[PDB]
Each structure stands twice: as structure tokens, then as C-alpha cells.
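Asker: So that we are looking at the same thing, I have put the structure below in C-alpha cells.
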Amino acid sequence: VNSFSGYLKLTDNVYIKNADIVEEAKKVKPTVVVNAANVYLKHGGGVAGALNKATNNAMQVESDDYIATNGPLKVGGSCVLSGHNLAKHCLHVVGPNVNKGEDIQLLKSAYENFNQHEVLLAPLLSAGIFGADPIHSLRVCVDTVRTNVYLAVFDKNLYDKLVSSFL
């Protein structure tokens with residue numbers, strides 16, 4: 001049993017809910033929250049900007065030190081950093097950004113990072129301001145992630161379309 005509430009079950013391991021990812025993390029304090037990161041860990045807008053704002057910019061300060069030491073992530077890659085006030089850990093995952101021309105086949109590689117964690121609270125990778133089709137992102141998630149993933153979908157309209165169209 002875990003603390004996640006109000007989710008619709010899609011598969012053995014994937015759950016979905018219409019919710020503000022920063023409000024869900026604050027309520028649950030999950031072991032892992034996933035950030036929709038870029039390779040520079042520059043959290044200016046979208047999921048990253050909202051999560052970072054909720055940490056009072058401490059996520060960005062920690063991320064700048066990580067990049068100064070290690071250099072940029074790979075598209076499809078990840079790193080584990082603090083979850084600050086939101087979670088124990090934040091898994092920063094880089095899905096391909098269609099609005100930069102990145103290979104959508106890298107979305108499966110991005111979701112494979114989730115398999116290193118038994119339970120996660122996450123957004124749909126490469127959705128929102130990243131430019132991919134969220135229906136596609138949900139299919140890759142279900143076909144790639146084997147650990148238990150609780151997906152938070154920001155838009156009520158999109159949530160209802162993801163559920164209604166789910167095979």
C-alpha cells in the first residue's frame with residue numbers, strides 16, 4: 001500500500017490523475033518526483049519551472065552546481081538530485097524536445113530511467129511545452145516503465161482525452 005489517492009489505474013503498474021504536479025508532491029512527499037528537465041538543468045518554465053519555483057529556487061542552485069561539476073545531461077538521460085521540500089529525491093529526466101528537433105525514439109530511453117526506482121510521481125515526458133503528442137508519451141510510458149508510476153496530468157481536458165483514448 002502507498003499514499004497516492006484518487007488515481008485511475010491504467011495497467012498493472014501505471015496510474016493517472018488530473019493534478020498540479022507541485023501540489024501532489026507537496027501532499028504526498030513521494031520518495032521520487034520526476035522533473036521534465038533539459039540537458040542544462042535550466043528550470044525556466046513548464047514542469048521544471050513550476051517545481052523549481054516551489055523550492056524557492058533551491059532546485060536551480062543545486063542544479064547549477066551539478067552542471068558546473070558534471071557538464072550537461074544527454075537527451076534520454078537523467079540524474080538524481082535532492083527533492084527539497086517536495087520529495088526525498090528528484091529524478092531529472094530529459095525527454096526529447098520536438099520544438100528543438102530531437103529524435104522522438106529517445107522518449108523510450110528517457111522512460112527507461114524510471115525503472116531504476118520502485119515508485120515515482122511523474123509527468124508525461126516530452127509533453128506540455130516539450131512538443132510531443134501526450135497520447136504517444138503515455139503509450140511509451142506504459143510499454144517501457146515496469147516500476148510503479150503515478151502520472152500527474154495538468155490539463156483536465158488532456159487528462160480526459162488520455163483516459164478516453166487509452167488502449
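By order of appearance in the C-alpha cells: chains A, B, ..., then residues from 1 within every chain, and ligands from 1 in the order shown.
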Determine, counting only C-alpha atoms, which protein, DNA and RNA residues have an atom within 9 Å of an atom of residue 163 (chain A); residues of the same chain fewer than 5 positions away are not included. Present the result as a tab-separated table (two decimals) with C-alpha atoms, in the first residue's frame.
Answerer:
```
chain	number	residue	atom	x	y	z
A	8	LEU	CA	-7.28	5.83	-12.19
A	10	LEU	CA	-4.41	2.09	-16.42
A	16	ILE	CA	-3.00	8.56	-13.80
A	158	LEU	CA	-6.00	16.46	-21.78
```
Asker: Please provide as a list in words all residues within 12 Å of residue 28 (chain A), with the sequence filter that same-chain residues fewer than 5 positions apart are discarded (counting only C-alpha atoms).
Answerer: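 What passes the distance filter is residues 2, 3, 4, 5, 21, 22, 23, 33, 85, 86, 87, 88, 120, 121 and 150 of chain A.
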Asker: Using C-alpha atoms, can you export the residues from the last selection as a PDB file, in the first residue's frame?
Answerer:
```
ATOM      1  CA  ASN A   2       1.146   3.633  -0.690  1.00  0.00           C
ATOM      2  CA  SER A   3      -0.109   7.258  -0.046  1.00  0.00           C
ATOM      3  CA  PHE A   4      -1.237   8.089  -3.634  1.00  0.00           C
ATOM      4  CA  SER A   5      -5.014   8.909  -3.753  1.00  0.00           C
ATOM      5  CA  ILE A  21       2.414  18.155 -10.000  1.00  0.00           C
ATOM      6  CA  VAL A  22       3.714  20.747  -7.413  1.00  0.00           C
ATOM      7  CA  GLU A  23       0.511  20.236  -5.228  1.00  0.00           C
ATOM      8  CA  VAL A  33       9.323  13.111  -8.067  1.00  0.00           C
ATOM      9  CA  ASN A  85      10.576  20.338   0.133  1.00  0.00           C
ATOM     10  CA  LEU A  86       8.703  18.275  -2.493  1.00  0.00           C
ATOM     11  CA  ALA A  87      10.077  14.700  -2.258  1.00  0.00           C
ATOM     12  CA  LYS A  88      13.066  12.764  -0.923  1.00  0.00           C
ATOM     13  CA  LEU A 120       7.626   7.540  -8.788  1.00  0.00           C
ATOM     14  CA  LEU A 121       5.367  10.577  -9.142  1.00  0.00           C
ATOM     15  CA  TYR A 150       1.793   7.759 -10.714  1.00  0.00           C
TER      16      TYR A 150
END
```
Asker: Identify which of the residues A:146, A:26, A:156, A:161 lies closest to residue 84 (chain A), counting only C-alpha atoms when measuring atom-to-atom distances.
Answerer: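 Among the listed residues, the smallest separation from residue 84 (chain A) belongs to A:26.
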Asker: List the spatial neighbours of region 111-115 of chain A as a PyMOL selection string - criterion: any atom at most 8 Å away, only C-alpha atoms, same-chain residues fewer than 3 positions off excluded.
Answerer: chain A and resi 76-78+93+107-108+118+120+125+140-141+144-147
Asker: Write to file, as an mmCIF file, in the first residue's frame, the residues of the selection just made, with N, CA, C and O atoms.
Answerer:
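What landed in part08.cif:
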```
data_model
loop_
_atom_site.group_PDB
_atom_site.id
_atom_site.type_symbol
_atom_site.label_atom_id
_atom_site.label_comp_id
_atom_site.auth_asym_id
_atom_site.auth_seq_id
_atom_site.Cartn_x
_atom_site.Cartn_y
_atom_site.Cartn_z
ATOM 1 N N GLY A 76 17.540 11.867 -23.248
ATOM 2 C CA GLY A 76 17.223 10.479 -22.880
ATOM 3 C C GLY A 76 17.840 10.127 -21.561
ATOM 4 O O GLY A 76 17.522 9.010 -21.036
ATOM 5 N N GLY A 77 18.696 10.948 -20.968
ATOM 6 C CA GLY A 77 19.356 10.624 -19.704
ATOM 7 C C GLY A 77 18.721 11.266 -18.495
ATOM 8 O O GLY A 77 17.656 11.900 -18.605
ATOM 9 N N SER A 78 19.356 11.109 -17.353
ATOM 10 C CA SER A 78 18.799 11.556 -16.077
ATOM 11 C C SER A 78 19.882 11.745 -15.037
ATOM 12 O O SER A 78 21.012 11.204 -15.199
ATOM 13 N N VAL A 93 14.789 13.993 -15.612
ATOM 14 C CA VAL A 93 14.809 13.169 -16.820
ATOM 15 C C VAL A 93 14.653 14.075 -18.026
ATOM 16 O O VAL A 93 13.738 14.883 -18.060
ATOM 17 N N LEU A 107 12.452 9.054 -26.589
ATOM 18 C CA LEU A 107 11.477 9.063 -25.491
ATOM 19 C C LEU A 107 11.492 7.728 -24.721
ATOM 20 O O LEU A 107 11.357 7.730 -23.518
ATOM 21 N N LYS A 108 11.658 6.617 -25.448
ATOM 22 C CA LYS A 108 11.720 5.309 -24.744
ATOM 23 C C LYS A 108 12.938 5.275 -23.809
ATOM 24 O O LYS A 108 12.818 4.879 -22.671
ATOM 25 N N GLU A 118 11.537 2.182 -7.595
ATOM 26 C CA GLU A 118 10.371 1.279 -7.390
ATOM 27 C C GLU A 118 9.033 2.016 -7.564
ATOM 28 O O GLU A 118 8.053 1.400 -8.039
ATOM 29 N N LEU A 120 7.342 6.138 -8.384
ATOM 30 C CA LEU A 120 7.626 7.540 -8.788
ATOM 31 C C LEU A 120 6.335 8.295 -8.983
ATOM 32 O O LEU A 120 5.352 7.728 -9.539
ATOM 33 N N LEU A 125 6.529 12.530 -20.061
ATOM 34 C CA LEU A 125 7.762 13.050 -20.655
ATOM 35 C C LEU A 125 7.483 13.561 -22.051
ATOM 36 O O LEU A 125 6.738 12.966 -22.833
ATOM 37 N N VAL A 140 4.209 5.140 -24.719
ATOM 38 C CA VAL A 140 5.619 4.753 -24.466
ATOM 39 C C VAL A 140 5.783 4.481 -22.982
ATOM 40 O O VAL A 140 6.491 3.524 -22.623
ATOM 41 N N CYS A 141 5.227 5.282 -22.129
ATOM 42 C CA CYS A 141 5.338 5.069 -20.681
ATOM 43 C C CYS A 141 4.840 3.665 -20.336
ATOM 44 O O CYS A 141 5.544 2.885 -19.662
ATOM 45 N N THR A 144 7.098 0.845 -21.511
ATOM 46 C CA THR A 144 8.530 0.934 -21.127
ATOM 47 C C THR A 144 8.717 0.792 -19.632
ATOM 48 O O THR A 144 9.664 0.093 -19.211
ATOM 49 N N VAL A 145 7.933 1.492 -18.824
ATOM 50 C CA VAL A 145 8.120 1.528 -17.376
ATOM 51 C C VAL A 145 7.489 0.269 -16.811
ATOM 52 O O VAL A 145 6.314 -0.053 -17.106
ATOM 53 N N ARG A 146 8.253 -0.417 -16.003
ATOM 54 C CA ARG A 146 7.807 -1.641 -15.283
ATOM 55 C C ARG A 146 7.626 -1.377 -13.798
ATOM 56 O O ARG A 146 6.925 -2.191 -13.101
ATOM 57 N N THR A 147 8.202 -0.317 -13.243
ATOM 58 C CA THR A 147 8.004 0.077 -11.854
ATOM 59 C C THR A 147 6.705 0.858 -11.723
ATOM 60 O O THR A 147 5.996 1.093 -12.712
#
```
Asker: Just checking: using only C-alpha atoms, which residue out of A:101, A:30, A:6, A:45 ends up closest to residue 122 (chain A)?
Answerer: A:30
Asker: Which parts of chain A does DSSP call alpha helix (DSSP H) when run on the backbone here, written out as an MDAnalysis selection string?
Answerer: chainID A and resid 21:28 46:54 58:70 106:112 134:144 156:164
Asker: Could you check the closest approach to residue 152 (chain A) for each of A:135, A:124, A:36, A:67 and tell me which residue wins, using only C-alpha atoms?
Answerer: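 Closest candidate: A:124.
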Asker: Neighbours of residue 154 (chain A) within 7 Å (only C-alpha atoms; same-chain residues fewer than 3 positions away dropped), as a short mmCIF file (atom, residue, chain, number, x, y, z; two decimals) with N, CA and C atoms, in the first residue's frame?
Answerer:
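That gives us part.cif:
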```
data_model
loop_
_atom_site.label_atom_id
_atom_site.label_comp_id
_atom_site.auth_asym_id
_atom_site.auth_seq_id
_atom_site.Cartn_x
_atom_site.Cartn_y
_atom_site.Cartn_z
N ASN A 18 -5.70 13.72 -12.89
CA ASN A 18 -5.69 15.17 -13.19
C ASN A 18 -5.24 15.89 -11.94
N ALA A 19 -4.04 16.51 -11.97
CA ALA A 19 -3.49 17.23 -10.79
C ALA A 19 -2.28 18.12 -11.11
N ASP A 20 -2.10 19.15 -10.28
CA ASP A 20 -0.94 20.08 -10.31
C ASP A 20 0.22 19.31 -9.69
#
```
Asker: Using Å and a single decimal, report how far CA of residue 128 (chain A) sits from CA of residue 46 (chain A).
Answerer: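 CA of residue 46 (chain A) sits 7.3 Å away from CA of residue 128 (chain A).
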Asker: Nearest to residue 57 (chain A): which of A:70, A:25, A:43, A:15 is it, counting only C-alpha atoms?
Answerer: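 Nearest to residue 57 (chain A): A:43.
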Asker: Would you list the contacts of region 71-73 of chain A as number ranges by chain, taking every protein, DNA or RNA residue within 12 Å and counting only C-alpha atoms, but skipping same-chain residues closer than 2 positions in sequence?
Answerer: A: 37-42, 63-69, 75-80, 92-96, 110
Asker: Restricted to C-alpha atoms, what would the selected residues look like written as a PDB file, in the first residue's frame?
Answerer:
```pdb
ATOM      1  CA  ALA A  37      14.357  18.537 -17.310  1.00  0.00           C
ATOM      2  CA  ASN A  38      16.546  19.809 -20.149  1.00  0.00           C
ATOM      3  CA  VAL A  39      20.231  18.864 -20.552  1.00  0.00           C
ATOM      4  CA  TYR A  40      21.372  22.137 -18.881  1.00  0.00           C
ATOM      5  CA  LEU A  41      19.006  21.687 -15.877  1.00  0.00           C
ATOM      6  CA  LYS A  42      17.716  25.210 -16.618  1.00  0.00           C
ATOM      7  CA  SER A  63      21.366  22.054 -10.436  1.00  0.00           C
ATOM      8  CA  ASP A  64      23.851  24.785 -11.380  1.00  0.00           C
ATOM      9  CA  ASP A  65      26.456  23.203  -9.059  1.00  0.00           C
ATOM     10  CA  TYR A  66      25.702  19.749 -10.644  1.00  0.00           C
ATOM     11  CA  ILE A  67      26.262  21.107 -14.184  1.00  0.00           C
ATOM     12  CA  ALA A  68      29.408  23.028 -13.192  1.00  0.00           C
ATOM     13  CA  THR A  69      30.881  19.706 -11.928  1.00  0.00           C
ATOM     14  CA  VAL A  75      18.847  13.695 -24.195  1.00  0.00           C
ATOM     15  CA  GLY A  76      17.223  10.479 -22.880  1.00  0.00           C
ATOM     16  CA  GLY A  77      19.356  10.624 -19.704  1.00  0.00           C
ATOM     17  CA  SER A  78      18.799  11.556 -16.077  1.00  0.00           C
ATOM     18  CA  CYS A  79      20.355  12.409 -12.745  1.00  0.00           C
ATOM     19  CA  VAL A  80      19.169  12.043  -9.159  1.00  0.00           C
ATOM     20  CA  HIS A  92      15.635  14.921 -13.521  1.00  0.00           C
ATOM     21  CA  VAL A  93      14.809  13.169 -16.820  1.00  0.00           C
ATOM     22  CA  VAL A  94      15.466  14.674 -20.277  1.00  0.00           C
ATOM     23  CA  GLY A  95      12.884  13.708 -22.821  1.00  0.00           C
ATOM     24  CA  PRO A  96      13.414  14.853 -26.429  1.00  0.00           C
ATOM     25  CA  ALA A 110      14.056   8.666 -21.240  1.00  0.00           C
TER      26      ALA A 110
END
```
Asker: Write down as an MDAnalysis selection string the residues belonging to region 14-142 of chain A that are assigned strand (DSSP E or B) by DSSP computed on the backbone.
Answerer: chainID A and resid 14:18 32:36 78:82 89:93 119:122
Asker: What does the file look like for those residues with N, CA, C and O atoms, as a CSV table (one decimal), in the first residue's frame?
Answerer:
```csv
chain,number,residue,atom,x,y,z
A,14,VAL,N,0.8,1.3,-13.9
A,14,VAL,CA,0.7,2.7,-14.3
A,14,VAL,C,-0.6,3.3,-13.8
A,14,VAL,O,-1.7,2.7,-14.2
A,15,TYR,N,-0.6,4.4,-13.2
A,15,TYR,CA,-1.8,5.1,-12.6
A,15,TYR,C,-1.8,6.5,-13.1
A,15,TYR,O,-0.7,7.1,-13.4
A,16,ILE,N,-2.9,7.2,-13.2
A,16,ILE,CA,-3.0,8.6,-13.8
A,16,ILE,C,-4.0,9.4,-13.0
A,16,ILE,O,-5.1,8.8,-12.6
A,17,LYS,N,-3.8,10.7,-12.9
A,17,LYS,CA,-4.7,11.6,-12.2
A,17,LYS,C,-4.6,13.0,-12.8
A,17,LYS,O,-3.5,13.4,-13.3
A,18,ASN,N,-5.7,13.7,-12.9
A,18,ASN,CA,-5.7,15.2,-13.2
A,18,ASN,C,-5.2,15.9,-11.9
A,18,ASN,O,-6.0,16.0,-11.0
A,32,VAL,N,10.3,9.7,-4.8
A,32,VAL,CA,10.9,10.2,-6.1
A,32,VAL,C,9.8,11.1,-6.8
A,32,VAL,O,8.7,10.5,-7.1
A,33,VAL,N,10.1,12.3,-7.1
A,33,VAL,CA,9.3,13.1,-8.1
A,33,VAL,C,10.2,13.3,-9.3
A,33,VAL,O,11.4,13.5,-9.2
A,34,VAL,N,9.6,13.1,-10.5
A,34,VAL,CA,10.3,13.2,-11.7
A,34,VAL,C,10.1,14.7,-12.2
A,34,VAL,O,9.0,15.2,-12.3
A,35,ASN,N,11.3,15.3,-12.6
A,35,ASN,CA,11.2,16.6,-13.3
A,35,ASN,C,11.4,16.4,-14.8
A,35,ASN,O,12.2,15.6,-15.3
A,36,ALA,N,10.7,17.1,-15.6
A,36,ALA,CA,10.8,17.3,-17.0
A,36,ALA,C,11.9,18.2,-17.3
A,36,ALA,O,11.7,19.4,-17.6
A,78,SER,N,19.4,11.1,-17.4
A,78,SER,CA,18.8,11.6,-16.1
A,78,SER,C,19.9,11.7,-15.0
A,78,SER,O,21.0,11.2,-15.2
A,79,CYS,N,19.5,12.4,-14.0
A,79,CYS,CA,20.4,12.4,-12.7
A,79,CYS,C,19.4,12.5,-11.6
A,79,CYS,O,18.3,13.0,-11.7
A,80,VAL,N,19.9,12.0,-10.4
A,80,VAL,CA,19.2,12.0,-9.2
A,80,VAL,C,19.7,13.2,-8.3
A,80,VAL,O,20.9,13.2,-8.0
A,81,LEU,N,18.9,14.1,-7.9
A,81,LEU,CA,19.3,15.2,-7.0
A,81,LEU,C,18.3,15.3,-5.9
A,81,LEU,O,17.4,14.4,-5.8
A,82,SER,N,18.4,16.2,-5.0
A,82,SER,CA,17.5,16.4,-3.9
A,82,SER,C,16.1,16.7,-4.4
A,82,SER,O,15.9,17.4,-5.4
A,89,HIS,N,13.8,12.6,-3.2
A,89,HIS,CA,14.7,12.8,-4.4
A,89,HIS,C,13.9,13.4,-5.5
A,89,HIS,O,12.7,13.1,-5.7
A,90,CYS,N,14.6,14.1,-6.4
A,90,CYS,CA,14.1,14.5,-7.7
A,90,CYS,C,14.9,13.7,-8.8
A,90,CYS,O,16.2,13.9,-8.8
A,91,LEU,N,14.2,13.0,-9.6
A,91,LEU,CA,14.9,12.4,-10.8
A,91,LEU,C,14.6,13.3,-12.0
A,91,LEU,O,13.5,13.4,-12.5
A,92,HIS,N,15.7,14.0,-12.4
A,92,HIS,CA,15.6,14.9,-13.5
A,92,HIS,C,15.8,14.1,-14.8
A,92,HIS,O,16.9,13.5,-15.0
A,93,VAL,N,14.8,14.0,-15.6
A,93,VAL,CA,14.8,13.2,-16.8
A,93,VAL,C,14.7,14.1,-18.0
A,93,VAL,O,13.7,14.9,-18.1
A,119,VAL,N,9.0,3.2,-7.1
A,119,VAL,CA,7.7,4.1,-7.2
A,119,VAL,C,8.1,5.5,-7.5
A,119,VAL,O,9.1,6.1,-6.9
A,120,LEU,N,7.3,6.1,-8.4
A,120,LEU,CA,7.6,7.5,-8.8
A,120,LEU,C,6.3,8.3,-9.0
A,120,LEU,O,5.4,7.7,-9.5
A,121,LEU,N,6.4,9.6,-8.7
A,121,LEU,CA,5.4,10.6,-9.1
A,121,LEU,C,6.0,11.3,-10.3
A,121,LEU,O,7.1,11.8,-10.2
A,122,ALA,N,5.3,11.4,-11.5
A,122,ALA,CA,5.9,11.9,-12.7
A,122,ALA,C,4.9,12.6,-13.6
A,122,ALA,O,3.7,12.3,-13.6
```
Asker: Compare A:11, A:126, A:165, A:137 by their minimum atom-to-atom distance to residue 149 (chain A), counting only C-alpha atoms, and give me the closest one.
Answerer: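 Among the listed residues, A:11 lies closest to residue 149 (chain A).
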Asker: Which of these, A:123, A:83, A:44, A:131, has the shortest distance to residue 104 (chain A) once you count only C-alpha atoms?
Answerer: A:131
